[PDB]
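The data block below is entry.pdb; it holds PDB, C-alpha atoms (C1' of nucleotides).
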ATOM      1  CA  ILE D   1      75.461 124.269  40.505  1.00  0.00           C
ATOM      2  CA  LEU D   2      76.812 125.285  37.092  1.00  0.00           C
ATOM      3  CA  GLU D   3      73.278 126.430  36.239  1.00  0.00           C
ATOM      4  CA  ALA D   4      72.752 128.437  39.434  1.00  0.00           C
ATOM      5  CA  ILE D   5      75.639 130.872  38.901  1.00  0.00           C
ATOM      6  CA  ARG D   6      74.489 131.964  35.437  1.00  0.00           C
ATOM      7  CA  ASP D   7      71.017 132.706  36.851  1.00  0.00           C
ATOM      8  CA  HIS D   8      71.848 134.143  40.299  1.00  0.00           C
ATOM      9  CA  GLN D   9      74.439 136.651  41.468  1.00  0.00           C
ATOM     10  CA  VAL D  10      74.862 134.899  44.845  1.00  0.00           C
ATOM     11  CA  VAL D  11      74.936 131.097  45.001  1.00  0.00           C
ATOM     12  CA  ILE D  12      75.392 129.171  48.243  1.00  0.00           C
ATOM     13  CA  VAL D  13      76.544 125.541  48.206  1.00  0.00           C
ATOM     14  CA  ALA D  14      76.593 123.481  51.408  1.00  0.00           C
ATOM     15  CA  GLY D  15      78.844 120.429  51.397  1.00  0.00           C
ATOM     16  CA  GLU D  16      79.781 117.611  53.734  1.00  0.00           C
ATOM     17  CA  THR D  17      83.218 116.299  54.691  1.00  0.00           C
ATOM     18  CA  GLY D  18      83.653 114.162  51.571  1.00  0.00           C
ATOM     19  CA  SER D  19      81.839 116.582  49.275  1.00  0.00           C
ATOM     20  CA  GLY D  20      84.719 118.063  47.293  1.00  0.00           C
ATOM     21  CA  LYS D  21      83.146 121.467  46.621  1.00  0.00           C
ATOM     22  CA  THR D  22      86.452 122.969  47.777  1.00  0.00           C
ATOM     23  CA  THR D  23      88.170 121.237  44.845  1.00  0.00           C
ATOM     24  CA  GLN D  24      85.627 121.590  42.009  1.00  0.00           C
ATOM     25  CA  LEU D  25      83.920 124.979  42.472  1.00  0.00           C
ATOM     26  CA  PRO D  26      86.819 126.884  40.796  1.00  0.00           C
ATOM     27  CA  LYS D  27      86.604 124.316  37.978  1.00  0.00           C
ATOM     28  CA  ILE D  28      82.944 125.258  37.513  1.00  0.00           C
ATOM     29  CA  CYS D  29      83.901 128.947  37.209  1.00  0.00           C
ATOM     30  CA  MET D  30      86.256 128.459  34.246  1.00  0.00           C
ATOM     31  CA  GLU D  31      83.637 126.248  32.596  1.00  0.00           C
ATOM     32  CA  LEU D  32      81.019 129.010  32.850  1.00  0.00           C
ATOM     33  CA  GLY D  33      83.269 131.651  31.301  1.00  0.00           C
ATOM     34  CA  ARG D  34      84.958 133.239  34.302  1.00  0.00           C
ATOM     35  CA  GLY D  35      88.678 133.368  34.995  1.00  0.00           C
ATOM     36  CA  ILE D  36      89.620 135.338  31.869  1.00  0.00           C
ATOM     37  CA  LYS D  37      88.184 138.802  32.492  1.00  0.00           C
ATOM     38  CA  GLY D  38      88.831 138.619  36.235  1.00  0.00           C
ATOM     39  CA  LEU D  39      90.594 136.395  38.718  1.00  0.00           C
ATOM     40  CA  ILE D  40      88.806 133.557  40.504  1.00  0.00           C
ATOM     41  CA  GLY D  41      89.093 134.278  44.216  1.00  0.00           C
ATOM     42  CA  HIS D  42      88.705 131.478  46.764  1.00  0.00           C
ATOM     43  CA  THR D  43      88.617 132.549  50.424  1.00  0.00           C
ATOM     44  CA  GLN D  44      89.955 129.983  52.933  1.00  0.00           C
ATOM     45  CA  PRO D  45      90.109 130.142  56.760  1.00  0.00           C
ATOM     46  CA  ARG D  46      93.748 128.977  56.934  1.00  0.00           C
ATOM     47  CA  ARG D  47      96.851 129.396  54.792  1.00  0.00           C
ATOM     48  CA  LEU D  48      97.721 125.690  54.853  1.00  0.00           C
ATOM     49  CA  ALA D  49      94.072 125.069  54.033  1.00  0.00           C
ATOM     50  CA  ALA D  50      94.522 127.538  51.165  1.00  0.00           C
ATOM     51  CA  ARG D  51      97.980 126.327  50.113  1.00  0.00           C
ATOM     52  CA  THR D  52      97.222 122.592  49.989  1.00  0.00           C
ATOM     53  CA  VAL D  53      94.101 122.929  47.838  1.00  0.00           C
ATOM     54  CA  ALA D  54      95.912 125.416  45.581  1.00  0.00           C
ATOM     55  CA  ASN D  55      98.393 122.714  44.581  1.00  0.00           C
ATOM     56  CA  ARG D  56      95.409 120.365  44.264  1.00  0.00           C
ATOM     57  CA  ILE D  57      93.618 122.254  41.467  1.00  0.00           C
ATOM     58  CA  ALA D  58      96.895 122.524  39.542  1.00  0.00           C
ATOM     59  CA  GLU D  59      97.495 118.774  39.839  1.00  0.00           C
ATOM     60  CA  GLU D  60      93.884 117.974  38.906  1.00  0.00           C
ATOM     61  CA  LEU D  61      94.166 120.279  35.877  1.00  0.00           C
ATOM     62  CA  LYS D  62      97.709 119.015  35.065  1.00  0.00           C
ATOM     63  CA  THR D  63      99.390 122.387  35.642  1.00  0.00           C
ATOM     64  CA  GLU D  64     101.785 123.766  38.214  1.00  0.00           C
ATOM     65  CA  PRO D  65     101.069 126.056  41.180  1.00  0.00           C
ATOM     66  CA  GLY D  66     102.068 129.661  40.653  1.00  0.00           C
ATOM     67  CA  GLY D  67     100.960 129.577  37.019  1.00  0.00           C
ATOM     68  CA  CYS D  68      97.295 129.462  36.018  1.00  0.00           C
ATOM     69  CA  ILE D  69      96.243 128.191  39.459  1.00  0.00           C
ATOM     70  CA  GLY D  70      98.213 130.283  41.931  1.00  0.00           C
ATOM     71  CA  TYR D  71      97.875 131.163  45.613  1.00  0.00           C
ATOM     72  CA  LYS D  72      98.432 134.536  47.276  1.00  0.00           C
ATOM     73  CA  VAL D  73      98.934 134.417  51.052  1.00  0.00           C
ATOM     74  CA  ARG D  74     101.239 136.574  53.205  1.00  0.00           C
ATOM     75  CA  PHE D  75     104.133 137.547  50.872  1.00  0.00           C
ATOM     76  CA  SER D  76     103.946 134.191  49.038  1.00  0.00           C
ATOM     77  CA  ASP D  77     102.881 135.867  45.802  1.00  0.00           C
ATOM     78  CA  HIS D  78     102.836 132.841  43.502  1.00  0.00           C
ATOM     79  CA  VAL D  79     100.834 134.742  40.890  1.00  0.00           C
ATOM     80  CA  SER D  80     101.699 135.116  37.206  1.00  0.00           C
ATOM     81  CA  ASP D  81      99.919 137.169  34.558  1.00  0.00           C
ATOM     82  CA  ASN D  82      98.531 133.953  33.037  1.00  0.00           C
ATOM     83  CA  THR D  83      96.587 133.111  36.205  1.00  0.00           C
ATOM     84  CA  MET D  84      92.830 132.717  36.547  1.00  0.00           C
ATOM     85  CA  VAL D  85      92.451 131.070  39.976  1.00  0.00           C
ATOM     86  CA  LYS D  86      93.779 133.079  42.931  1.00  0.00           C
ATOM     87  CA  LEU D  87      93.650 131.269  46.262  1.00  0.00           C
ATOM     88  CA  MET D  88      93.817 133.589  49.290  1.00  0.00           C
ATOM     89  CA  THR D  89      92.653 133.601  52.914  1.00  0.00           C
ATOM     90  CA  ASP D  90      90.024 135.933  54.366  1.00  0.00           C
ATOM     91  CA  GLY D  91      92.721 138.298  55.619  1.00  0.00           C
ATOM     92  CA  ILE D  92      94.444 138.631  52.234  1.00  0.00           C
ATOM     93  CA  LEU D  93      91.293 139.872  50.503  1.00  0.00           C
ATOM     94  CA  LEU D  94      90.659 142.117  53.510  1.00  0.00           C
ATOM     95  CA  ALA D  95      94.224 143.363  53.060  1.00  0.00           C
ATOM     96  CA  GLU D  96      93.435 144.038  49.391  1.00  0.00           C
ATOM     97  CA  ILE D  97      90.443 146.197  50.397  1.00  0.00           C
ATOM     98  CA  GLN D  98      92.540 149.360  50.761  1.00  0.00           C
ATOM     99  CA  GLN D  99      94.436 148.635  47.522  1.00  0.00           C
ATOM    100  CA  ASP D 100      91.231 147.948  45.549  1.00  0.00           C
ATOM    101  CA  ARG D 101      87.929 148.994  47.120  1.00  0.00           C
ATOM    102  CA  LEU D 102      85.685 147.812  44.268  1.00  0.00           C
ATOM    103  CA  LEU D 103      87.595 144.492  43.920  1.00  0.00           C
ATOM    104  CA  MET D 104      88.153 145.106  40.208  1.00  0.00           C
ATOM    105  CA  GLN D 105      90.921 142.467  40.237  1.00  0.00           C
ATOM    106  CA  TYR D 106      88.372 139.618  40.286  1.00  0.00           C
ATOM    107  CA  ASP D 107      85.206 138.427  38.558  1.00  0.00           C
ATOM    108  CA  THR D 108      84.167 135.546  40.853  1.00  0.00           C
ATOM    109  CA  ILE D 109      84.865 135.376  44.597  1.00  0.00           C
ATOM    110  CA  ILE D 110      84.404 132.131  46.540  1.00  0.00           C
TER
ATOM    111  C1'   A K   1     103.242 194.466 267.917  1.00  0.00           C
ATOM    112  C1'   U K   2      99.853 189.570 267.691  1.00  0.00           C
ATOM    113  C1'   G K   3      97.224 185.398 264.959  1.00  0.00           C
ATOM    114  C1'   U K   4      96.491 183.736 259.850  1.00  0.00           C
ATOM    115  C1'   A K   5      95.517 179.395 254.459  1.00  0.00           C
ATOM    116  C1'   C K   6      96.465 173.281 249.739  1.00  0.00           C
ATOM    117  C1'   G K   7      93.744 168.356 246.106  1.00  0.00           C
ATOM    118  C1'   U K   8      92.641 160.571 242.583  1.00  0.00           C
ATOM    119  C1'   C K   9      91.807 157.494 236.423  1.00  0.00           C
ATOM    120  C1'   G K  10      88.060 154.473 232.391  1.00  0.00           C
ATOM    121  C1'   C K  11      85.572 152.303 225.728  1.00  0.00           C
ATOM    122  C1'   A K  12      84.700 148.330 220.830  1.00  0.00           C
ATOM    123  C1'   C K  13      83.562 145.257 215.917  1.00  0.00           C
ATOM    124  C1'   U K  14      80.084 143.392 211.976  1.00  0.00           C
ATOM    125  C1'   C K  15      77.373 139.779 207.165  1.00  0.00           C
ATOM    126  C1'   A K  16      77.062 131.803 203.679  1.00  0.00           C
ATOM    127  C1'   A K  17      74.627 128.669 199.300  1.00  0.00           C
ATOM    128  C1'   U K  18      66.369 128.800 197.260  1.00  0.00           C
ATOM    129  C1'   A K  19      62.019 125.706 189.830  1.00  0.00           C
ATOM    130  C1'   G K  20      59.973 124.574 185.839  1.00  0.00           C
ATOM    131  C1'   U K  21      61.663 122.915 179.875  1.00  0.00           C
ATOM    132  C1'   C K  22      58.922 115.971 176.489  1.00  0.00           C
ATOM    133  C1'   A K  23      60.328 114.793 171.431  1.00  0.00           C
ATOM    134  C1'   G K  24      62.965 115.838 166.594  1.00  0.00           C
ATOM    135  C1'   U K  25      61.351 110.013 160.085  1.00  0.00           C
ATOM    136  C1'   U K  26      65.517 107.210 156.156  1.00  0.00           C
ATOM    137  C1'   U K  27      69.811 108.064 153.044  1.00  0.00           C
ATOM    138  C1'   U K  28      73.830 110.837 150.246  1.00  0.00           C
ATOM    139  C1'   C K  29      78.126 112.764 147.302  1.00  0.00           C
ATOM    140  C1'   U K  30      82.135 116.391 148.264  1.00  0.00           C
ATOM    141  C1'   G K  31      89.305 115.244 148.454  1.00  0.00           C
ATOM    142  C1'   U K  32      94.204 115.467 145.744  1.00  0.00           C
ATOM    143  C1'   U K  33     100.045 116.414 143.109  1.00  0.00           C
ATOM    144  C1'   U K  34     102.004 115.108 138.997  1.00  0.00           C
ATOM    145  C1'   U K  35     105.474 116.235 133.835  1.00  0.00           C
ATOM    146  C1'   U K  36     106.118 121.846 134.778  1.00  0.00           C
ATOM    147  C1'   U K  37     109.328 124.941 128.391  1.00  0.00           C
ATOM    148  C1'   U K  38     103.192 128.497 127.848  1.00  0.00           C
ATOM    149  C1'   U K  39     107.066 128.481 121.206  1.00  0.00           C
ATOM    150  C1'   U K  40     110.879 128.643 118.205  1.00  0.00           C
ATOM    151  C1'   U K  41     110.326 133.015 110.534  1.00  0.00           C
ATOM    152  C1'   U K  42     108.517 132.560 105.067  1.00  0.00           C
ATOM    153  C1'   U K  43     107.876 132.325  99.517  1.00  0.00           C
ATOM    154  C1'   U K  44     107.063 132.624  93.925  1.00  0.00           C
ATOM    155  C1'   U K  45     103.830 126.560  89.900  1.00  0.00           C
ATOM    156  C1'   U K  46     100.847 126.615  84.206  1.00  0.00           C
ATOM    157  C1'   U K  47      99.073 126.099  78.240  1.00  0.00           C
ATOM    158  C1'   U K  48      90.687 126.644  73.439  1.00  0.00           C
ATOM    159  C1'   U K  49      91.978 128.809  69.358  1.00  0.00           C
ATOM    160  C1'   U K  50      93.149 130.778  64.796  1.00  0.00           C
ATOM    161  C1'   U K  51      93.473 134.114  59.917  1.00  0.00           C
ATOM    162  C1'   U K  52      96.541 139.885  57.672  1.00  0.00           C
ATOM    163  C1'   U K  53      98.845 144.625  50.791  1.00  0.00           C
TER
END

Using structure tokens, write down the structure that the file contains.
Amino acid sequence: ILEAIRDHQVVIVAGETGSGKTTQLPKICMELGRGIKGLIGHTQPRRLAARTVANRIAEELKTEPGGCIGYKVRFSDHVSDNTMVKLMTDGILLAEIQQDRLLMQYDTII
RNA sequence: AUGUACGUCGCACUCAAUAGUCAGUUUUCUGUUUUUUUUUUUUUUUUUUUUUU
């Protein structure tokens, strides 16, 4: 899956219940070279689905939430300037449509 | 002046009684009194689900 993103502009990964693609796909992005020039967006259907996995990537990468791996849901802007991973639900990115139409804030959206 | 005239009669009530004509299969329901009032205005009733500068 690390090889598919460098060769294709849209990659689709289908996972099962115990797959873990929710927890390792942002880790693939920073390995490829993303995260620096733009933020790594990860769209989730629920905030508690988005919040729980946002603390998970920080704990797996031995950092704290709100720093490099931060989550932005309704007014819970735990985002610093040193961030690369930006967890957010489908409504948050839809709320950022009017602010940024071209989505110049990111480089990889999940 | 003289002489001159008299006798019998009838009526009523009535009036009865008569020609011929034989027969009609068996069985059945229908039937009685009594408490009487016929009618009493009604109520609020349940839940997949999930995301937004």

Please determine the residues with any atom at most 10 Å from (91.8, 131.6, 37.8) (coordinates as given in the file, with only C-alpha atoms (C1' of nucleotides) counting) and report them as a compact mmCIF listing (two decimals) with C-alpha atoms, in the coordinates of the input.
# COMPACT_ATOMS: atom_id res chain seq x y z
CA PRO D 26 86.82 126.88 40.80
CA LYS D 27 86.60 124.32 37.98
CA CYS D 29 83.90 128.95 37.21
CA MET D 30 86.26 128.46 34.25
CA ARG D 34 84.96 133.24 34.30
CA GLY D 35 88.68 133.37 34.99
CA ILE D 36 89.62 135.34 31.87
CA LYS D 37 88.18 138.80 32.49
CA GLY D 38 88.83 138.62 36.24
CA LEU D 39 90.59 136.40 38.72
CA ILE D 40 88.81 133.56 40.50
CA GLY D 41 89.09 134.28 44.22
CA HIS D 42 88.70 131.48 46.76
CA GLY D 67 100.96 129.58 37.02
CA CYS D 68 97.30 129.46 36.02
CA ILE D 69 96.24 128.19 39.46
CA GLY D 70 98.21 130.28 41.93
CA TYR D 71 97.88 131.16 45.61
CA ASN D 82 98.53 133.95 33.04
CA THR D 83 96.59 133.11 36.20
CA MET D 84 92.83 132.72 36.55
CA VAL D 85 92.45 131.07 39.98
CA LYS D 86 93.78 133.08 42.93
CA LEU D 87 93.65 131.27 46.26
CA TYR D 106 88.37 139.62 40.29
CA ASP D 107 85.21 138.43 38.56
CA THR D 108 84.17 135.55 40.85

Box along x, y and z, 5 Å on every side, all listed atoms of stretch 69-73 of chain D inside: centre and edge lengths in Å to one decimal, as lines of an AutoDock Vina configuration file.
center_x = 97.6
center_y = 131.4
center_z = 45.3
size_x = 12.7
size_y = 16.3
size_z = 21.6

**Prompt:** What do you get, as a ChimeraX atom specification, if you spell out every residue that the PyMOL selection byres ((chain K) within 12 of (chain D)) selects here?
**Reply:** /K:50-53

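Of note, atom CA of residue D:54 and atom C1' of residue K:48 are spaced 28.4 Å apart.
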
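Rounded to one decimal, atom CA of residue D:110 and atom CA of residue D:8 lie 14.2 Å from each other.
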
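With atom CA of residue D:65 on one side and atom CA of residue D:78 on the other, the separation reads 7.4 Å.
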
Extract stretch 24-66 of chain D from the preceding block and save C-alpha atoms as an mmCIF file, in the first residue's frame.
data_model
loop_
_atom_site.group_PDB
_atom_site.id
_atom_site.type_symbol
_atom_site.label_atom_id
_atom_site.label_comp_id
_atom_site.auth_asym_id
_atom_site.auth_seq_id
_atom_site.Cartn_x
_atom_site.Cartn_y
_atom_site.Cartn_z
ATOM 1 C CA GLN D 24 -1.461 2.638 10.183
ATOM 2 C CA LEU D 25 -2.511 4.511 7.020
ATOM 3 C CA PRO D 26 -1.409 7.918 8.441
ATOM 4 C CA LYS D 27 1.878 6.224 9.396
ATOM 5 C CA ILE D 28 2.333 5.241 5.746
ATOM 6 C CA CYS D 29 1.834 8.876 4.673
ATOM 7 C CA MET D 30 4.707 10.262 6.768
ATOM 8 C CA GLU D 31 6.905 7.409 5.545
ATOM 9 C CA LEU D 32 6.235 8.335 1.907
ATOM 10 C CA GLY D 33 7.097 12.002 2.404
ATOM 11 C CA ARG D 34 3.753 13.589 3.224
ATOM 12 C CA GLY D 35 2.854 15.454 6.395
ATOM 13 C CA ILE D 36 5.462 18.210 6.016
ATOM 14 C CA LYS D 37 4.227 20.250 3.057
ATOM 15 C CA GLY D 38 0.570 19.676 3.928
ATOM 16 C CA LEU D 39 -1.501 18.216 6.721
ATOM 17 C CA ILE D 40 -2.579 14.572 6.735
ATOM 18 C CA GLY D 41 -6.370 14.578 6.835
ATOM 19 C CA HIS D 42 -8.274 11.526 8.077
ATOM 20 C CA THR D 43 -12.065 11.643 7.674
ATOM 21 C CA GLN D 44 -14.069 9.675 10.277
ATOM 22 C CA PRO D 45 -17.852 9.118 10.556
ATOM 23 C CA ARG D 46 -17.977 9.963 14.284
ATOM 24 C CA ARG D 47 -16.130 12.324 16.609
ATOM 25 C CA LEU D 48 -15.484 9.655 19.245
ATOM 26 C CA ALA D 49 -14.366 7.440 16.379
ATOM 27 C CA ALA D 50 -12.085 10.311 15.339
ATOM 28 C CA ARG D 51 -10.992 11.271 18.863
ATOM 29 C CA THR D 52 -10.075 7.784 20.105
ATOM 30 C CA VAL D 53 -7.876 6.906 17.125
ATOM 31 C CA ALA D 54 -6.267 10.363 17.282
ATOM 32 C CA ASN D 55 -4.872 9.567 20.728
ATOM 33 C CA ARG D 56 -3.931 6.144 19.342
ATOM 34 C CA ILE D 57 -1.484 7.374 16.676
ATOM 35 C CA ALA D 58 0.172 9.655 19.239
ATOM 36 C CA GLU D 59 0.609 6.764 21.679
ATOM 37 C CA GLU D 60 1.873 4.442 18.930
ATOM 38 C CA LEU D 61 4.354 7.121 17.819
ATOM 39 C CA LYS D 62 5.218 8.032 21.458
ATOM 40 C CA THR D 63 3.883 11.594 21.220
ATOM 41 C CA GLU D 64 0.963 13.453 22.728
ATOM 42 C CA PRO D 65 -2.363 14.410 21.124
ATOM 43 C CA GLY D 66 -2.631 18.040 20.116
#
